[PDB]
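Novice: File entry11.txt follows (compact mmCIF, C-alpha atoms and all ligand atoms):
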```
# COMPACT_ATOMS: atom_id res chain seq x y z
CA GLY X 15 95.91 0.75 115.19
CA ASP X 16 99.22 2.64 115.20
CA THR X 17 99.55 5.77 113.08
CA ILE X 18 102.26 8.05 111.78
CA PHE X 19 101.55 10.36 114.75
CA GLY X 20 102.40 7.46 117.08
CA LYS X 21 105.75 7.18 115.30
CA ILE X 22 106.30 10.91 115.72
CA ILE X 23 105.60 10.70 119.47
CA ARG X 24 108.02 7.76 119.77
CA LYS X 25 110.65 9.80 117.86
CA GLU X 26 110.87 7.05 115.24
CA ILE X 27 110.44 9.58 112.46
CA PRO X 28 111.38 13.25 112.48
CA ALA X 29 109.12 16.23 112.96
CA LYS X 30 109.84 19.88 113.74
CA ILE X 31 108.80 19.87 117.39
CA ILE X 32 107.52 23.10 118.93
CA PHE X 33 106.62 21.95 122.42
CA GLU X 34 106.45 18.74 124.44
CA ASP X 35 105.38 17.72 127.90
CA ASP X 36 104.43 14.45 129.58
CA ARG X 37 101.02 14.26 127.92
CA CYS X 38 101.14 16.04 124.56
CA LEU X 39 103.29 17.11 121.65
CA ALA X 40 103.14 20.10 119.31
CA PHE X 41 104.85 20.05 115.93
CA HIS X 42 104.71 21.75 112.54
CA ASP X 43 102.43 20.12 109.97
CA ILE X 44 104.27 18.44 107.11
CA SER X 45 101.75 19.84 104.60
CA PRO X 46 101.12 23.39 105.86
CA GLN X 47 97.99 25.26 104.72
CA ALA X 48 99.00 28.60 106.20
CA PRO X 49 102.34 30.35 106.85
CA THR X 50 102.09 28.88 110.36
CA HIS X 51 100.35 25.52 110.63
CA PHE X 52 101.05 23.13 113.50
CA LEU X 53 99.37 20.25 115.32
CA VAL X 54 98.92 19.53 119.01
CA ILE X 55 98.31 15.86 119.83
CA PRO X 56 97.85 13.87 123.03
CA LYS X 57 100.35 11.14 123.78
CA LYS X 58 97.38 8.98 124.77
CA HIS X 59 96.06 7.30 121.64
CA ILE X 60 92.55 8.58 121.23
CA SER X 61 91.66 7.71 117.63
CA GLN X 62 89.06 10.43 117.12
CA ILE X 63 87.19 13.03 119.11
CA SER X 64 83.96 11.02 118.80
CA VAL X 65 85.37 8.28 121.07
CA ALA X 66 86.92 10.59 123.69
CA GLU X 67 85.72 9.84 127.23
CA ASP X 68 84.52 12.31 129.87
CA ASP X 69 87.73 11.63 131.81
CA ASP X 70 89.60 13.04 128.78
CA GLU X 71 88.16 16.52 129.31
CA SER X 72 91.20 18.02 131.02
CA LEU X 73 93.53 16.51 128.44
CA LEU X 74 91.55 17.92 125.49
CA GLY X 75 91.52 21.34 127.12
CA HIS X 76 95.26 21.02 127.67
CA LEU X 77 95.73 20.63 123.90
CA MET X 78 93.92 23.93 123.38
CA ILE X 79 95.88 25.76 126.07
CA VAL X 80 99.18 24.42 124.70
CA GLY X 81 97.88 25.38 121.25
CA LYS X 82 97.23 29.00 122.18
CA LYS X 83 100.53 29.32 124.08
CA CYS X 84 102.47 27.95 121.11
CA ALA X 85 100.58 30.31 118.79
CA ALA X 86 101.68 33.29 120.90
CA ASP X 87 105.26 32.00 120.99
CA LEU X 88 105.25 31.67 117.19
CA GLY X 89 104.14 35.30 116.93
CA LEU X 90 100.54 34.88 115.80
CA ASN X 91 99.38 38.15 117.35
CA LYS X 92 96.78 38.88 114.65
CA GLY X 93 94.94 35.66 115.45
CA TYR X 94 94.53 32.10 114.18
CA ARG X 95 92.11 29.22 113.70
CA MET X 96 91.94 25.96 115.65
CA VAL X 97 90.48 22.89 113.97
CA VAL X 98 89.60 19.33 114.98
CA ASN X 99 88.44 16.98 112.20
CA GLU X 100 86.22 13.96 112.80
CA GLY X 101 85.64 11.14 110.33
CA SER X 102 85.10 11.16 106.58
CA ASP X 103 82.90 14.25 106.37
CA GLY X 104 85.25 16.10 108.72
CA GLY X 105 88.18 15.30 106.47
CA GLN X 106 90.14 13.62 109.27
CA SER X 107 93.44 12.47 107.75
CA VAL X 108 95.03 10.59 110.68
CA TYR X 109 93.09 8.57 113.24
CA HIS X 110 94.87 10.05 116.22
CA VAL X 111 93.17 13.09 117.79
CA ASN X 112 94.95 16.21 116.58
CA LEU X 113 94.30 19.91 117.03
CA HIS X 114 95.31 22.05 114.01
CA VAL X 115 96.40 25.63 114.59
CA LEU X 116 96.63 27.84 111.50
CA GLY X 117 97.67 31.47 111.18
CA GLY X 118 99.88 34.03 109.51
CA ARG X 119 97.21 34.77 106.91
CA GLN X 120 93.56 35.71 106.84
CA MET X 121 91.48 32.60 107.44
CA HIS X 122 88.28 32.48 105.40
CA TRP X 123 84.64 31.46 105.79
CA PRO X 124 83.22 28.84 105.49
CA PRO X 125 86.04 26.87 107.19
CA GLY X 126 86.13 24.25 104.45
CA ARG Z 12 75.59 40.45 134.40
CA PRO Z 13 76.78 36.81 134.34
CA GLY Z 14 77.92 35.82 130.86
CA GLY Z 15 78.75 39.35 129.66
CA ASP Z 16 76.75 41.52 127.27
CA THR Z 17 77.92 40.07 123.97
CA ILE Z 18 75.12 38.44 122.00
CA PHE Z 19 76.17 35.13 123.59
CA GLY Z 20 75.79 36.55 127.09
CA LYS Z 21 72.26 37.62 126.16
CA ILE Z 22 71.52 34.14 124.83
CA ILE Z 23 72.89 32.49 128.00
CA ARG Z 24 70.51 34.61 130.12
CA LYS Z 25 67.53 33.93 127.78
CA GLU Z 26 67.28 37.63 126.89
CA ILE Z 27 67.66 36.83 123.20
CA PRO Z 28 66.13 33.67 121.74
CA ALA Z 29 68.18 30.81 120.34
CA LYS Z 30 67.58 27.23 119.25
CA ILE Z 31 69.19 25.37 122.12
CA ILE Z 32 70.49 21.82 121.78
CA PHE Z 33 71.98 21.21 125.19
CA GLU Z 34 72.55 23.12 128.40
CA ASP Z 35 74.39 22.44 131.64
CA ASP Z 36 76.00 24.48 134.39
CA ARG Z 37 79.20 25.07 132.39
CA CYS Z 38 78.04 25.52 128.82
CA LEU Z 39 75.39 25.95 126.19
CA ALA Z 40 75.04 24.43 122.72
CA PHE Z 41 72.77 26.13 120.16
CA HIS Z 42 72.38 26.38 116.39
CA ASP Z 43 74.25 29.02 114.39
CA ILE Z 44 72.00 31.71 112.84
CA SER Z 45 74.14 31.73 109.67
CA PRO Z 46 74.91 28.04 109.09
CA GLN Z 47 77.79 27.10 106.77
CA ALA Z 48 76.83 23.44 106.63
CA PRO Z 49 73.59 21.47 106.82
CA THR Z 50 74.23 21.18 110.57
CA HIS Z 51 76.14 24.05 112.20
CA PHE Z 52 76.01 24.74 115.91
CA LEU Z 53 78.01 26.51 118.62
CA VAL Z 54 79.15 25.41 122.06
CA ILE Z 55 79.98 28.23 124.45
CA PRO Z 56 81.02 28.45 128.09
CA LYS Z 57 78.63 30.16 130.47
CA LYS Z 58 81.71 31.75 132.04
CA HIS Z 59 82.67 34.74 129.91
CA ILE Z 60 86.08 34.32 128.27
CA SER Z 61 86.60 36.80 125.47
CA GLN Z 62 88.86 34.69 123.23
CA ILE Z 63 91.01 31.58 123.42
CA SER Z 64 94.23 33.64 123.48
CA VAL Z 65 93.36 34.95 126.97
CA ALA Z 66 92.07 31.68 128.46
CA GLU Z 67 93.66 30.88 131.82
CA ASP Z 68 95.44 27.64 132.71
CA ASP Z 69 92.59 26.63 135.02
CA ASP Z 70 90.16 26.95 132.10
CA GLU Z 71 91.50 23.62 130.75
CA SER Z 72 88.68 21.36 131.95
CA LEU Z 73 86.06 23.87 130.76
CA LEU Z 74 87.57 24.08 127.28
CA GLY Z 75 87.75 20.30 127.10
CA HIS Z 76 84.14 20.16 128.26
CA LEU Z 77 83.13 22.27 125.25
CA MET Z 78 84.63 19.64 122.96
CA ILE Z 79 83.05 16.70 124.80
CA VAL Z 80 79.67 18.39 124.69
CA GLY Z 81 80.28 19.20 121.02
CA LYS Z 82 80.94 15.59 120.07
CA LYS Z 83 78.02 14.33 122.17
CA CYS Z 84 75.65 16.82 120.52
CA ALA Z 85 76.96 15.86 117.08
CA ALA Z 86 76.14 12.23 117.80
CA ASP Z 87 72.68 13.20 119.10
CA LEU Z 88 72.08 15.18 115.90
CA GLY Z 89 72.95 12.18 113.75
CA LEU Z 90 76.26 13.40 112.32
CA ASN Z 91 77.43 9.80 111.87
CA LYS Z 92 79.64 10.54 108.83
CA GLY Z 93 81.71 13.05 110.78
CA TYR Z 94 82.08 16.77 111.39
CA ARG Z 95 84.55 19.60 111.93
CA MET Z 96 85.16 21.61 115.09
CA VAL Z 97 86.51 25.14 114.74
CA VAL Z 98 87.65 27.92 117.06
CA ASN Z 99 88.29 31.35 115.54
CA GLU Z 100 90.73 33.64 117.33
CA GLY Z 101 91.03 37.33 116.59
CA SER Z 102 91.18 39.12 113.28
CA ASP Z 103 92.97 36.48 111.21
CA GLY Z 104 90.65 33.81 112.63
CA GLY Z 105 87.66 35.92 111.65
CA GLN Z 106 86.32 36.12 115.20
CA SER Z 107 83.23 38.39 115.30
CA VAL Z 108 81.84 37.70 118.79
CA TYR Z 109 84.32 38.04 121.63
CA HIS Z 110 82.97 35.25 123.77
CA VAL Z 111 84.80 31.93 123.25
CA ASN Z 112 82.83 29.60 121.00
CA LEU Z 113 83.35 26.20 119.42
CA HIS Z 114 81.79 25.69 115.97
CA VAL Z 115 80.61 22.22 115.03
CA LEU Z 116 79.81 21.72 111.33
CA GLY Z 117 78.59 18.60 109.58
CA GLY Z 118 76.13 17.04 107.17
CA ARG Z 119 78.28 17.59 104.10
CA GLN Z 120 81.85 16.86 103.03
CA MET Z 121 84.14 19.45 104.60
CA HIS Z 122 87.06 20.61 102.45
CA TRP Z 123 90.75 21.31 102.99
CA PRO Z 124 92.18 23.83 103.83
CA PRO Z 125 89.68 24.81 106.54
CA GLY Z 126 89.40 28.36 105.23
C1 LIG U 201 81.16 37.81 110.85
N1 LIG U 201 82.04 36.77 111.34
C2 LIG U 201 81.56 35.58 111.68
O1 LIG U 201 80.37 35.35 111.76
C3 LIG U 201 82.57 34.50 111.94
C4 LIG U 201 82.70 33.71 110.66
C5 LIG U 201 83.09 34.55 109.46
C6 LIG U 201 82.29 35.34 108.64
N2 LIG U 201 83.04 35.93 107.66
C7 LIG U 201 84.35 35.57 107.76
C8 LIG U 201 85.50 35.85 107.05
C9 LIG U 201 86.70 35.28 107.44
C10 LIG U 201 86.79 34.41 108.54
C11 LIG U 201 85.66 34.10 109.30
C12 LIG U 201 84.46 34.67 108.91
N3 LIG U 201 82.16 33.56 112.97
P1 LIG U 201 82.60 33.75 114.65
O2 LIG U 201 82.49 35.23 114.96
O3 LIG U 201 83.86 32.99 115.03
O4 LIG U 201 81.44 32.96 115.44
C13 LIG U 201 80.26 33.63 115.86
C14 LIG U 201 79.07 32.88 115.31
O5 LIG U 201 77.94 33.35 116.04
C15 LIG U 201 76.83 33.35 115.16
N4 LIG U 201 75.87 34.32 115.68
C16 LIG U 201 76.02 35.66 115.77
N5 LIG U 201 74.91 36.22 116.31
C17 LIG U 201 74.05 35.21 116.58
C18 LIG U 201 72.70 35.10 117.15
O6 LIG U 201 72.04 36.22 117.55
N6 LIG U 201 72.15 33.86 117.26
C19 LIG U 201 72.81 32.74 116.87
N7 LIG U 201 72.21 31.54 117.01
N8 LIG U 201 74.06 32.78 116.33
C20 LIG U 201 74.70 33.96 116.17
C21 LIG U 201 77.39 33.77 113.81
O7 LIG U 201 76.58 33.33 112.71
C22 LIG U 201 78.80 33.18 113.84
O8 LIG U 201 78.91 31.99 113.03
CL CL U 202 92.95 15.48 110.79
```
What do you get writing this file as structure tokens?
Specialist:
Amino acid sequence: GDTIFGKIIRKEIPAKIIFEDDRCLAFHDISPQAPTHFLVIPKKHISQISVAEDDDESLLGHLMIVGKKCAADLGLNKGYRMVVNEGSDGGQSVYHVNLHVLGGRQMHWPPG
Amino acid sequence: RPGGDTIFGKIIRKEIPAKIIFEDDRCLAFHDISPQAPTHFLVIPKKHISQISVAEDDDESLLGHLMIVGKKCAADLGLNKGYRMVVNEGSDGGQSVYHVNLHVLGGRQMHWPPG
């Protein structure tokens, strides 16, 4: 099923876009939990990390590389945390694979 | 020595014991010694990368492999209600071992924000 992240990719609703290429999109989270909090999502609709295929390996890694490059561009030189949520226990809020990147403050432990 | 001399390098070379879940030529999954959830394990590359901020472009497939192995291990460990994957970078991330590692936590409701 389609999600709000599909609409964001299709430019049907606005988002503050940080980076885009042919296979992913990075944009600021609408409900930020840190001074910097953005998402990196694939344009391919993978609903959750538990159903990702082996052929998706490069794409998932690309999200992380784009994530760390965006983090550097946004000035997160003291570090940051990357998060992927799966399912109910993981607190996944949208069923479209999304990598959170949070920084600009001390991140704590446990991570939720 | 291959893997570096961080604690994770020692674990990769079997010089320090760990409770290993899965191993292949590219990575290792093993339980965290200080778990923050009923199930809490780590997936690390065998190639030493100190932190995600210095990962090279050609490390893409390897990083993605960590996540694929992570989700496969979570399934094998019965985390059917879900889980959270975490990478800590640097001081603000709380990184304490400078060998890239993916945390996988499950077996309870995880909360928001993630720290
Ligand atoms: C202090 N720092 C950390 O541990 C932070 C989390 C953290 C603690 N306090 C905080 C405050 C703010 C933000 C974050 C934190 N985790 P990390 O450094 O990102 O990941 C390294 C993981 O390796 C685990 N580990 C270390 N040694 C061994 C070992 O010999 N054997 C095994 N099996 N595991 C080992 C260790 O328990 C840890 O979860
Ligand atoms: Cl989510």
Novice: Report the distance between CA of residue 41 in chain Z and atom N6 of ligand LIG 201 (chain U) in Å, rounded to one decimal place.
Specialist: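 Atom-to-atom, CA of residue 41 in chain Z to atom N6 of ligand LIG 201 (chain U), that is 8.3 Å.
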Novice: Can I get the residues close to ligand LIG 201 (chain U) as a PyMOL selection string, where close means within 6 Å and we count all atoms listed in the file?
Specialist: (chain X and resi 121-123) or (chain Z and resi 18+29+42-45+99+104-108)
Novice: Go through the chains and note each residue within 6 Å of ligand CL 202 (chain U), using all atoms listed in the file, then give the set as a list in words.
Specialist: residues 99, 106, 107 and 108 of chain X
Novice: Leaving out residue 55 in chain X and any residue of its chain fewer than 2 positions from it, which residues lie within 7 Å of it when counting only C-alpha atoms, given as a list in words?
Specialist: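 Here the answer would be residues 38, 39, 40, 53, 57, 77, 111, 112 and 113 of chain X.
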Novice: Residues within 12 Å of range 87-94 of chain X, please, as an NGL selection string. Count only C-alpha atoms; anything in the same chain fewer than 2 positions from it doesn't count.
Specialist: (:X and (32-33 or 40-42 or 48-52 or 80-85 or 96-97 or 114-122)) or (:Z and (62-65 or 97-106 or 125-126))
Novice: Output as a VMD selection string the set of chain Z residues within 10 Å of chain X, with distances taken over all atoms listed in the file.
Specialist: chain Z and resid 46 to 48 62 to 83 85 to 86 90 to 106 113 to 126
Novice: How would the residues just picked look written out with C-alpha atoms as an mmCIF file, in the coordinates of the input?
Specialist:
```
data_model
loop_
_atom_site.group_PDB
_atom_site.id
_atom_site.type_symbol
_atom_site.label_atom_id
_atom_site.label_comp_id
_atom_site.auth_asym_id
_atom_site.auth_seq_id
_atom_site.Cartn_x
_atom_site.Cartn_y
_atom_site.Cartn_z
ATOM 1 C CA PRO Z 46 74.910 28.040 109.090
ATOM 2 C CA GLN Z 47 77.790 27.100 106.770
ATOM 3 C CA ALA Z 48 76.830 23.440 106.630
ATOM 4 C CA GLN Z 62 88.860 34.690 123.230
ATOM 5 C CA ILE Z 63 91.010 31.580 123.420
ATOM 6 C CA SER Z 64 94.230 33.640 123.480
ATOM 7 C CA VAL Z 65 93.360 34.950 126.970
ATOM 8 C CA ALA Z 66 92.070 31.680 128.460
ATOM 9 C CA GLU Z 67 93.660 30.880 131.820
ATOM 10 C CA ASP Z 68 95.440 27.640 132.710
ATOM 11 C CA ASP Z 69 92.590 26.630 135.020
ATOM 12 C CA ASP Z 70 90.160 26.950 132.100
ATOM 13 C CA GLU Z 71 91.500 23.620 130.750
ATOM 14 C CA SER Z 72 88.680 21.360 131.950
ATOM 15 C CA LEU Z 73 86.060 23.870 130.760
ATOM 16 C CA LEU Z 74 87.570 24.080 127.280
ATOM 17 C CA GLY Z 75 87.750 20.300 127.100
ATOM 18 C CA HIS Z 76 84.140 20.160 128.260
ATOM 19 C CA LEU Z 77 83.130 22.270 125.250
ATOM 20 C CA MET Z 78 84.630 19.640 122.960
ATOM 21 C CA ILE Z 79 83.050 16.700 124.800
ATOM 22 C CA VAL Z 80 79.670 18.390 124.690
ATOM 23 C CA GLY Z 81 80.280 19.200 121.020
ATOM 24 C CA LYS Z 82 80.940 15.590 120.070
ATOM 25 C CA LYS Z 83 78.020 14.330 122.170
ATOM 26 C CA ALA Z 85 76.960 15.860 117.080
ATOM 27 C CA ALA Z 86 76.140 12.230 117.800
ATOM 28 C CA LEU Z 90 76.260 13.400 112.320
ATOM 29 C CA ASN Z 91 77.430 9.800 111.870
ATOM 30 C CA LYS Z 92 79.640 10.540 108.830
ATOM 31 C CA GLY Z 93 81.710 13.050 110.780
ATOM 32 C CA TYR Z 94 82.080 16.770 111.390
ATOM 33 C CA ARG Z 95 84.550 19.600 111.930
ATOM 34 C CA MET Z 96 85.160 21.610 115.090
ATOM 35 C CA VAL Z 97 86.510 25.140 114.740
ATOM 36 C CA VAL Z 98 87.650 27.920 117.060
ATOM 37 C CA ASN Z 99 88.290 31.350 115.540
ATOM 38 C CA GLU Z 100 90.730 33.640 117.330
ATOM 39 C CA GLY Z 101 91.030 37.330 116.590
ATOM 40 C CA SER Z 102 91.180 39.120 113.280
ATOM 41 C CA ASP Z 103 92.970 36.480 111.210
ATOM 42 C CA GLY Z 104 90.650 33.810 112.630
ATOM 43 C CA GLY Z 105 87.660 35.920 111.650
ATOM 44 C CA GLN Z 106 86.320 36.120 115.200
ATOM 45 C CA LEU Z 113 83.350 26.200 119.420
ATOM 46 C CA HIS Z 114 81.790 25.690 115.970
ATOM 47 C CA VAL Z 115 80.610 22.220 115.030
ATOM 48 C CA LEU Z 116 79.810 21.720 111.330
ATOM 49 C CA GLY Z 117 78.590 18.600 109.580
ATOM 50 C CA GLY Z 118 76.130 17.040 107.170
ATOM 51 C CA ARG Z 119 78.280 17.590 104.100
ATOM 52 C CA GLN Z 120 81.850 16.860 103.030
ATOM 53 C CA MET Z 121 84.140 19.450 104.600
ATOM 54 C CA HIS Z 122 87.060 20.610 102.450
ATOM 55 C CA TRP Z 123 90.750 21.310 102.990
ATOM 56 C CA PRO Z 124 92.180 23.830 103.830
ATOM 57 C CA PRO Z 125 89.680 24.810 106.540
ATOM 58 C CA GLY Z 126 89.400 28.360 105.230
#
```
Novice: CA of residue 55 in chain Z and CA of residue 87 in chain Z are how many Å apart?
Specialist: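 So the two atoms, CA of residue 55 in chain Z and CA of residue 87 in chain Z, lie 17.5 Å apart.
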Novice: So that I can check the surroundings of residue 25 in chain Z, please list as a PyMOL selection string every protein, DNA and RNA residue that reaches within 12 Å of it, counting only C-alpha atoms and ignoring chain neighbours fewer than 4 positions away.
Specialist: chain Z and resi 13-14+16+18-21+29-31+34+39
Novice: I need the residue nearest residue 84 in chain Z from this list: Z:33, Z:12, Z:59, Z:23. Use only C-alpha atoms for the distance.
Specialist: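 Using only C-alpha atoms, residue 84 in chain Z sits closest to Z:33.
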Novice: Kindly indicate which residue among Z:40, Z:22, Z:27, Z:88 lies nearest to residue 52 in chain Z, using all atoms listed in the file for the distances.
Specialist: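 Checking each candidate against residue 52 in chain Z, we get Z:40 as the closest.
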Novice: Counting all atoms listed in the file, which residue out of Z:54, Z:38, Z:32, Z:60 sits closest to residue 15 in chain Z?
Specialist: Z:60
Novice: Enter the distance from CA of residue 62 in chain X to CA of residue 18 in chain X, in Å, rounded to one decimal.
Specialist: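 Answer for the CA of residue 62 in chain X to CA of residue 18 in chain X separation: 14.4 Å.
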Novice: Looking at only C-alpha atoms, which of X:21, X:26, X:16, X:110 is the one that sits closest to residue 56 in chain X?
Specialist: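 So, comparing all the options, the nearest one is X:110.
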